[PDB]
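S.K.: Pasting coords_15.pdb below, which is PDB, C-alpha atoms.
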ATOM      1  CA  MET A   1      -7.108  13.462  17.409
ATOM      2  CA  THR A   2      -8.248  10.619  19.775
ATOM      3  CA  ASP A   3      -9.437   6.945  19.610
ATOM      4  CA  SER A   4     -12.811   8.215  18.153
ATOM      5  CA  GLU A   5     -11.250  11.119  16.146
ATOM      6  CA  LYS A   6      -8.785   8.457  14.851
ATOM      7  CA  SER A   7      -5.165   9.633  14.302
ATOM      8  CA  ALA A   8      -3.728   9.888  10.755
ATOM      9  CA  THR A   9      -3.117   8.058   8.357
ATOM     10  CA  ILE A  10      -5.902   5.552   7.507
ATOM     11  CA  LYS A  11      -5.361   2.279   5.539
ATOM     12  CA  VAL A  12      -7.593   0.975   2.680
ATOM     13  CA  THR A  13      -8.368  -2.488   1.144
ATOM     14  CA  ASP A  14      -9.920  -3.761  -2.147
ATOM     15  CA  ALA A  15     -13.366  -4.480  -0.543
ATOM     16  CA  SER A  16     -13.586  -0.976   1.131
ATOM     17  CA  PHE A  17     -11.554   1.439  -1.132
ATOM     18  CA  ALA A  18     -14.680   2.608  -3.025
ATOM     19  CA  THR A  19     -16.439   3.577   0.284
ATOM     20  CA  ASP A  20     -13.272   5.111   1.866
ATOM     21  CA  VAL A  21     -11.755   7.026  -1.135
ATOM     22  CA  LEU A  22     -14.369   7.130  -3.950
ATOM     23  CA  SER A  23     -17.376   8.025  -1.670
ATOM     24  CA  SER A  24     -15.450  10.928   0.024
ATOM     25  CA  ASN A  25     -16.486  14.609  -0.381
ATOM     26  CA  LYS A  26     -12.791  15.661   0.138
ATOM     27  CA  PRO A  27      -9.417  15.779  -1.522
ATOM     28  CA  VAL A  28      -8.142  12.225  -0.728
ATOM     29  CA  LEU A  29      -4.412  11.424  -1.190
ATOM     30  CA  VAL A  30      -3.624   7.663  -1.592
ATOM     31  CA  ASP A  31      -0.159   6.051  -1.311
ATOM     32  CA  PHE A  32       0.277   2.626  -3.010
ATOM     33  CA  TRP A  33       3.354   1.220  -1.241
ATOM     34  CA  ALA A  34       5.207  -1.590   0.587
ATOM     35  CA  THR A  35       6.427  -1.258   4.241
ATOM     36  CA  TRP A  36       9.948  -2.627   3.385
ATOM     37  CA  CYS A  37      10.509  -0.254   0.381
ATOM     38  CA  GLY A  38      13.198   2.499   0.819
ATOM     39  CA  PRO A  39      11.435   5.489  -0.900
ATOM     40  CA  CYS A  40       8.140   4.232   0.691
ATOM     41  CA  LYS A  41       9.682   4.551   4.226
ATOM     42  CA  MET A  42      11.074   7.972   3.096
ATOM     43  CA  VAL A  43       7.440   9.254   2.574
ATOM     44  CA  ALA A  44       6.066   7.673   5.833
ATOM     45  CA  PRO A  45       6.854  10.810   8.003
ATOM     46  CA  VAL A  46       5.708  13.153   5.137
ATOM     47  CA  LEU A  47       2.278  11.452   4.657
ATOM     48  CA  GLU A  48       1.838  11.175   8.479
ATOM     49  CA  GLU A  49       2.733  14.874   9.007
ATOM     50  CA  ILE A  50       0.528  16.409   6.229
ATOM     51  CA  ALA A  51      -2.378  14.120   7.232
ATOM     52  CA  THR A  52      -2.032  14.971  10.978
ATOM     53  CA  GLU A  53      -1.650  18.745  10.288
ATOM     54  CA  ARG A  54      -4.213  19.311   7.439
ATOM     55  CA  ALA A  55      -6.994  16.786   8.369
ATOM     56  CA  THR A  56      -9.663  19.578   7.934
ATOM     57  CA  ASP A  57      -8.491  20.306   4.313
ATOM     58  CA  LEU A  58      -7.652  16.743   3.059
ATOM     59  CA  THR A  59      -7.468  13.014   4.008
ATOM     60  CA  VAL A  60      -4.411  10.745   3.393
ATOM     61  CA  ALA A  61      -4.752   6.940   3.047
ATOM     62  CA  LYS A  62      -2.409   3.993   2.181
ATOM     63  CA  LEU A  63      -2.753   0.783   0.104
ATOM     64  CA  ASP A  64      -0.368  -2.105   0.941
ATOM     65  CA  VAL A  65       0.640  -3.623  -2.469
ATOM     66  CA  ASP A  66       2.738  -6.294  -0.631
ATOM     67  CA  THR A  67      -0.536  -7.994   0.596
ATOM     68  CA  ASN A  68      -3.203  -6.464  -1.753
ATOM     69  CA  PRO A  69      -2.201  -6.781  -5.474
ATOM     70  CA  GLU A  70      -5.893  -6.385  -6.561
ATOM     71  CA  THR A  71      -6.166  -2.605  -5.921
ATOM     72  CA  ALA A  72      -2.503  -2.273  -7.074
ATOM     73  CA  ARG A  73      -3.532  -3.537 -10.589
ATOM     74  CA  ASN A  74      -6.722  -1.351 -10.380
ATOM     75  CA  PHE A  75      -4.606   1.885 -10.524
ATOM     76  CA  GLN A  76      -1.680   0.320 -12.538
ATOM     77  CA  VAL A  77       1.123   0.278  -9.902
ATOM     78  CA  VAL A  78       4.505  -0.583 -11.543
ATOM     79  CA  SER A  79       7.028   1.218  -9.268
ATOM     80  CA  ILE A  80       6.519   2.249  -5.585
ATOM     81  CA  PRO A  81       5.672   4.521  -3.838
ATOM     82  CA  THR A  82       2.793   5.496  -6.212
ATOM     83  CA  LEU A  83       1.013   8.631  -4.852
ATOM     84  CA  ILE A  84      -2.390   9.519  -6.412
ATOM     85  CA  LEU A  85      -4.659  12.456  -5.444
ATOM     86  CA  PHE A  86      -8.476  12.275  -5.777
ATOM     87  CA  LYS A  87     -11.059  15.089  -5.242
ATOM     88  CA  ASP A  88     -14.743  14.210  -4.512
ATOM     89  CA  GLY A  89     -13.820  10.535  -5.334
ATOM     90  CA  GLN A  90     -12.510  11.477  -8.859
ATOM     91  CA  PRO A  91      -8.733  11.257  -9.748
ATOM     92  CA  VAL A  92      -6.793  14.553 -10.371
ATOM     93  CA  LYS A  93      -3.056  13.552 -10.574
ATOM     94  CA  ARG A  94      -0.464  10.736 -10.041
ATOM     95  CA  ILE A  95       3.285  10.859  -9.152
ATOM     96  CA  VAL A  96       5.677   7.856  -8.674
ATOM     97  CA  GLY A  97       8.738   7.983  -6.351
ATOM     98  CA  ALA A  98       9.386   9.846  -3.057
ATOM     99  CA  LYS A  99       8.096  13.317  -1.907
ATOM    100  CA  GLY A 100       8.865  16.032   0.652
ATOM    101  CA  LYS A 101       6.096  17.857   2.656
ATOM    102  CA  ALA A 102       6.541  21.043   0.574
ATOM    103  CA  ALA A 103       6.101  19.308  -2.838
ATOM    104  CA  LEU A 104       3.182  17.091  -1.616
ATOM    105  CA  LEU A 105       1.341  20.098  -0.068
ATOM    106  CA  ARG A 106       2.036  22.324  -3.173
ATOM    107  CA  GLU A 107       0.530  19.737  -5.577
ATOM    108  CA  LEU A 108      -2.385  19.502  -3.059
ATOM    109  CA  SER A 109      -2.625  23.372  -3.046
ATOM    110  CA  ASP A 110      -3.144  23.096  -6.835
ATOM    111  CA  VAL A 111      -6.423  21.158  -6.031
ATOM    112  CA  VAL A 112      -7.808  23.188  -3.026
ATOM    113  CA  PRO A 113      -6.996  26.795  -1.823
ATOM    114  CA  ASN A 114      -4.008  27.132   0.597
ATOM    115  CA  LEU A 115      -0.968  29.053  -0.874
ATOM    116  CA  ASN A 116      -3.071  32.246  -1.421
TER     117      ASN A 116
END
Here is a file; write its structure as structure tokens.
M.R.:
Amino acid sequence: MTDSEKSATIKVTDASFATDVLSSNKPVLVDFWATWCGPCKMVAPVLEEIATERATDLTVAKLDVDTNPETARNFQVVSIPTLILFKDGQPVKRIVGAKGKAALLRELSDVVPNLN
């Protein structure tokens, strides 16, 4: 990873989300969160670590509900963090509340081969 091979994770906005997430060929994991939220800060190292380590298998992105409520209503955020996994720009699963690396990567391994 470099300034051109930009380091993980990316951030998405209501004008660009459809090009960044829904136009992707990949598994794309999206976290709908706020930067002051306790369980949101608890997943910050987990989302950074999986996205830095597994960038060739999946992408991880974040949506800031504290400044963008318009994408937050799009996917019906009600508690945070809301984690939602897409594949080929189509939704597969949603979980709400904090994760560890093992649980996040296992529910990703359900969507593309890894634990085999």
S.K.: Using the chain letters and residue numbers of this document, give as an NGL selection string the residues selected by the PyMOL selection byres ((chain A and resi 85) around 12).
M.R.: :A and (21-22 or 26-32 or 58-62 or 75 or 82-84 or 86-96 or 104-105 or 107-112)
S.K.: Restrict the selected residues to C-alpha atoms and save them as a tab-separated table (two decimals), keeping the file's coordinate frame.
M.R.:
chain	number	residue	atom	x	y	z
A	21	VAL	CA	-11.76	7.03	-1.14
A	22	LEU	CA	-14.37	7.13	-3.95
A	26	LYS	CA	-12.79	15.66	0.14
A	27	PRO	CA	-9.42	15.78	-1.52
A	28	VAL	CA	-8.14	12.22	-0.73
A	29	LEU	CA	-4.41	11.42	-1.19
A	30	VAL	CA	-3.62	7.66	-1.59
A	31	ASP	CA	-0.16	6.05	-1.31
A	32	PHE	CA	0.28	2.63	-3.01
A	58	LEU	CA	-7.65	16.74	3.06
A	59	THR	CA	-7.47	13.01	4.01
A	60	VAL	CA	-4.41	10.74	3.39
A	61	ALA	CA	-4.75	6.94	3.05
A	62	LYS	CA	-2.41	3.99	2.18
A	75	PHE	CA	-4.61	1.88	-10.52
A	82	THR	CA	2.79	5.50	-6.21
A	83	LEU	CA	1.01	8.63	-4.85
A	84	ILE	CA	-2.39	9.52	-6.41
A	86	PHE	CA	-8.48	12.28	-5.78
A	87	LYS	CA	-11.06	15.09	-5.24
A	88	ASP	CA	-14.74	14.21	-4.51
A	89	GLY	CA	-13.82	10.54	-5.33
A	90	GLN	CA	-12.51	11.48	-8.86
A	91	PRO	CA	-8.73	11.26	-9.75
A	92	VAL	CA	-6.79	14.55	-10.37
A	93	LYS	CA	-3.06	13.55	-10.57
A	94	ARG	CA	-0.46	10.74	-10.04
A	95	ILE	CA	3.28	10.86	-9.15
A	96	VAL	CA	5.68	7.86	-8.67
A	104	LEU	CA	3.18	17.09	-1.62
A	105	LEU	CA	1.34	20.10	-0.07
A	107	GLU	CA	0.53	19.74	-5.58
A	108	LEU	CA	-2.38	19.50	-3.06
A	109	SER	CA	-2.62	23.37	-3.05
A	110	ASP	CA	-3.14	23.10	-6.84
A	111	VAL	CA	-6.42	21.16	-6.03
A	112	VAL	CA	-7.81	23.19	-3.03
S.K.: Could you tell me which residues the PyMOL selection byres ((chain A and resi 35) around 12) grabs in this file, written as a PyMOL selection string?
M.R.: chain A and resi 31-34+36-44+62-67+80-81
S.K.: Quick one: of A:79, A:25, A:2, A:7, who's nearest to residue 55 of chain A, counting only C-alpha atoms?
M.R.: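 Among the listed residues, the smallest separation from residue 55 of chain A belongs to A:7.
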S.K.: Rank A:56, A:47, A:4, A:74 by their smallest atom-to-atom distance to residue 18 of chain A, using all atoms listed in the file, and report the top residue only.
M.R.: A:74
S.K.: Counting only C-alpha atoms, which of A:53, A:46, A:13, A:116 gets nearest to residue 72 of chain A?
M.R.: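 Nearest candidate to residue 72 of chain A out of A:53, A:46, A:13, A:116: A:13.
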S.K.: Just checking: using all atoms listed in the file, which residue out of A:115, A:45, A:51, A:14 ends up closest to residue 1 of chain A?
M.R.: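 Checking each of A:115, A:45, A:51, A:14 against residue 1 of chain A, counting all atoms listed in the file, the winner is A:51.
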S.K.: Work out how far apart atom CA of residue 71 of chain A and atom CA of residue 97 of chain A are and give it in Å to one decimal.
M.R.: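 Distance reported for this atom pair: 18.3 Å.
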S.K.: To one decimal in Å, tell me the separation between atom CA of residue 113 of chain A and atom CA of residue 57 of chain A.
M.R.: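 Going from atom CA of residue 113 of chain A over to atom CA of residue 57 of chain A covers 9.1 Å.
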